[PDB]
Amino acid sequence: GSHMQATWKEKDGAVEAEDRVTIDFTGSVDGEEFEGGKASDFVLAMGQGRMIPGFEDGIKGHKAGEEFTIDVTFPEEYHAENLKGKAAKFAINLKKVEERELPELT
């Protein structure tokens with residue numbers, strides 16, 4: 001299945017200004033893990049997808065293959081039809097942290 005819809009050009013080093021890490025986590029919200037209560041290949045954008053104090057903490061993008069637990073709650077603006085206003089808790093495990101650069105930065 002060779003196609004590749006999305007475009008990526010991330011290197012193989014640590015986290016950078018606006019990168020994208022690969023993390024797997026499992027957590028609950030009000031004491032009960034909802035939909036996203038469990039993620040394996042969670043592609044986080046370091047400084048793109050409103051990296052909140054929670055993700056910006058553990059999922060810094062410095063420990064490729066780490067296992068940590070952080071809190072996460074999405075603001076009133078980050079209301080995505082999938083996880084909008086998700087005030088929950090997660091236990092994540094960092095992995096592939098590279099330097100993604102979709103938009104041309106001049």
# chains A, B, ... in the order shown; residues from 1 in each chain; ligands from 1

call {"tool": "select_by_dssp", "arguments": {"residues": "chain A", "states": "helix (DSSP H, G or I)", "output": "ChimeraX atom specification"}}
result
/A:55-58

call {"tool": "write_last_selection", "arguments": {"atoms": "N, CA and C atoms", "output": "mmCIF file, in the first residue's frame"}}
result
data_model
loop_
_atom_site.group_PDB
_atom_site.id
_atom_site.type_symbol
_atom_site.label_atom_id
_atom_site.label_comp_id
_atom_site.auth_asym_id
_atom_site.auth_seq_id
_atom_site.Cartn_x
_atom_site.Cartn_y
_atom_site.Cartn_z
ATOM 1 N N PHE A 55 0.927 17.509 27.820
ATOM 2 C CA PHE A 55 1.706 16.881 26.770
ATOM 3 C C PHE A 55 3.087 17.513 26.658
ATOM 4 N N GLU A 56 3.146 18.837 26.748
ATOM 5 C CA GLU A 56 4.419 19.541 26.658
ATOM 6 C C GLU A 56 5.370 19.091 27.767
ATOM 7 N N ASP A 57 4.819 18.453 28.801
ATOM 8 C CA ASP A 57 5.620 17.975 29.919
ATOM 9 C C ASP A 57 6.311 16.655 29.588
ATOM 10 N N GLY A 58 5.550 15.561 29.619
ATOM 11 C CA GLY A 58 6.122 14.255 29.353
ATOM 12 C C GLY A 58 6.520 14.087 27.911
#

call {"tool": "select_by_dssp", "arguments": {"residues": "chain A", "states": "strand (DSSP E)", "output": "PyMOL selection string"}}
result
chain A and resi 19-26+38-46+68-73+87-98

call {"tool": "closest_residue", "arguments": {"among": "A:82, A:2, A:73, A:7", "to": "residue 29 (chain A)", "atoms": "only C-alpha atoms"}}
result
A:73

call {"tool": "residues_around", "arguments": {"residues": "residue 8 (chain A)", "least_positions_apart": "3", "cutoff": "10 Å", "atoms": "only C-alpha atoms", "output": "compact mmCIF listing (two decimals) with C-alpha atoms, in the first residue's frame"}}
result
# COMPACT_ATOMS: atom_id res chain seq x y z
CA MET A 4 1.41 8.29 1.74
CA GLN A 5 -1.31 10.95 1.95
CA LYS A 11 14.80 14.02 10.91
CA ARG A 20 5.82 15.59 15.94
CA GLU A 99 11.54 17.16 13.51
CA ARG A 100 8.45 17.38 11.31
CA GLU A 101 8.20 20.31 8.91
CA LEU A 102 5.11 20.31 6.69
CA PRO A 103 4.84 24.09 6.06

call {"tool": "atom_distance", "arguments": {"atom1": "CA of residue 47 (chain A)", "atom2": "CA of residue 67 (chain A)"}}
result
20.7 Å

call {"tool": "residues_around", "arguments": {"residues": "region 12-16 of chain A", "least_positions_apart": "4", "cutoff": "6 Å", "atoms": "only C-alpha atoms", "output": "list in words"}}
result
residues 61, 62, 97, 98 and 99 of chain A

call {"tool": "write_last_selection", "arguments": {"atoms": "C-alpha atoms", "output": "tab-separated table (two decimals), in the first residue's frame"}}
result
chain	number	residue	atom	x	y	z
A	61	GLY	CA	10.04	14.80	22.79
A	62	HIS	CA	13.34	14.06	24.44
A	97	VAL	CA	10.37	11.99	18.31
A	98	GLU	CA	11.50	13.69	15.08
A	99	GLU	CA	11.54	17.16	13.51

call {"tool": "residues_around", "arguments": {"residues": "residue 91 (chain A)", "least_positions_apart": "6", "cutoff": "7 Å", "atoms": "only C-alpha atoms", "output": "PDB file with N, CA, C and O atoms, in the first residue's frame"}}
result
ATOM      1  N   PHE A  25      -0.307   5.949  25.080  1.00  0.00           N
ATOM      2  CA  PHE A  25      -0.726   6.206  26.459  1.00  0.00           C
ATOM      3  C   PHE A  25      -2.074   5.589  26.797  1.00  0.00           C
ATOM      4  O   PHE A  25      -2.800   5.120  25.926  1.00  0.00           O
ATOM      5  N   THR A  26      -2.391   5.595  28.090  1.00  0.00           N
ATOM      6  CA  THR A  26      -3.644   5.043  28.584  1.00  0.00           C
ATOM      7  C   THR A  26      -4.075   5.751  29.865  1.00  0.00           C
ATOM      8  O   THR A  26      -3.399   5.663  30.889  1.00  0.00           O
ATOM      9  N   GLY A  27      -5.202   6.460  29.807  1.00  0.00           N
ATOM     10  CA  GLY A  27      -5.683   7.168  30.981  1.00  0.00           C
ATOM     11  C   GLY A  27      -7.178   7.406  30.976  1.00  0.00           C
ATOM     12  O   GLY A  27      -7.862   7.137  29.992  1.00  0.00           O
ATOM     13  N   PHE A  68       5.935   7.621  31.029  1.00  0.00           N
ATOM     14  CA  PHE A  68       5.597   8.618  32.043  1.00  0.00           C
ATOM     15  C   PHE A  68       4.088   8.859  32.113  1.00  0.00           C
ATOM     16  O   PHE A  68       3.340   8.440  31.233  1.00  0.00           O
ATOM     17  N   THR A  69       3.651   9.533  33.170  1.00  0.00           N
ATOM     18  CA  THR A  69       2.234   9.826  33.365  1.00  0.00           C
ATOM     19  C   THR A  69       2.009  11.317  33.600  1.00  0.00           C
ATOM     20  O   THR A  69       2.591  11.898  34.515  1.00  0.00           O
ATOM     21  N   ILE A  70       1.160  11.937  32.777  1.00  0.00           N
ATOM     22  CA  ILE A  70       0.879  13.359  32.926  1.00  0.00           C
ATOM     23  C   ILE A  70      -0.615  13.633  32.869  1.00  0.00           C
ATOM     24  O   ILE A  70      -1.397  12.788  32.435  1.00  0.00           O
TER      25      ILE A  70
END

call {"tool": "residues_around", "arguments": {"residues": "residue 48 (chain A)", "least_positions_apart": "6", "cutoff": "10 Å", "atoms": "only C-alpha atoms", "output": "mmCIF file with N, CA and C atoms, in the first residue's frame"}}
result
data_model
loop_
_atom_site.group_PDB
_atom_site.id
_atom_site.type_symbol
_atom_site.label_atom_id
_atom_site.label_comp_id
_atom_site.auth_asym_id
_atom_site.auth_seq_id
_atom_site.Cartn_x
_atom_site.Cartn_y
_atom_site.Cartn_z
ATOM 1 N N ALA A 17 11.424 22.881 18.003
ATOM 2 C CA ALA A 17 10.350 23.884 18.085
ATOM 3 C C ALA A 17 8.972 23.302 17.732
ATOM 4 N N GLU A 18 8.722 23.027 16.455
ATOM 5 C CA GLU A 18 7.418 22.496 16.041
ATOM 6 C C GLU A 18 7.536 21.108 15.409
ATOM 7 N N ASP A 19 7.824 20.106 16.245
ATOM 8 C CA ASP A 19 7.994 18.725 15.784
ATOM 9 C C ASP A 19 6.754 17.859 16.021
ATOM 10 N N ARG A 20 6.898 16.556 15.748
ATOM 11 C CA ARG A 20 5.816 15.593 15.944
ATOM 12 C C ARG A 20 6.372 14.281 16.506
#

call {"tool": "residues_around", "arguments": {"residues": "residue 96 (chain A)", "least_positions_apart": "5", "cutoff": "7 Å", "atoms": "only C-alpha atoms", "output": "mmCIF file with N, CA, C and O atoms, in the first residue's frame"}}
result
data_model
loop_
_atom_site.group_PDB
_atom_site.id
_atom_site.type_symbol
_atom_site.label_atom_id
_atom_site.label_comp_id
_atom_site.auth_asym_id
_atom_site.auth_seq_id
_atom_site.Cartn_x
_atom_site.Cartn_y
_atom_site.Cartn_z
ATOM 1 N N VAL A 21 6.012 13.969 17.747
ATOM 2 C CA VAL A 21 6.457 12.742 18.410
ATOM 3 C C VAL A 21 5.446 11.604 18.255
ATOM 4 O O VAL A 21 4.285 11.832 17.912
ATOM 5 N N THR A 22 5.881 10.382 18.570
ATOM 6 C CA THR A 22 5.003 9.218 18.531
ATOM 7 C C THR A 22 4.894 8.646 19.938
ATOM 8 O O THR A 22 5.881 8.164 20.491
ATOM 9 N N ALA A 64 12.896 9.184 23.582
ATOM 10 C CA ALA A 64 12.370 8.218 22.626
ATOM 11 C C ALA A 64 12.242 6.830 23.256
ATOM 12 O O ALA A 64 13.216 6.081 23.322
#

call {"tool": "closest_residue", "arguments": {"among": "A:105, A:74, A:39, A:95", "to": "residue 51 (chain A)", "atoms": "only C-alpha atoms"}}
result
A:74
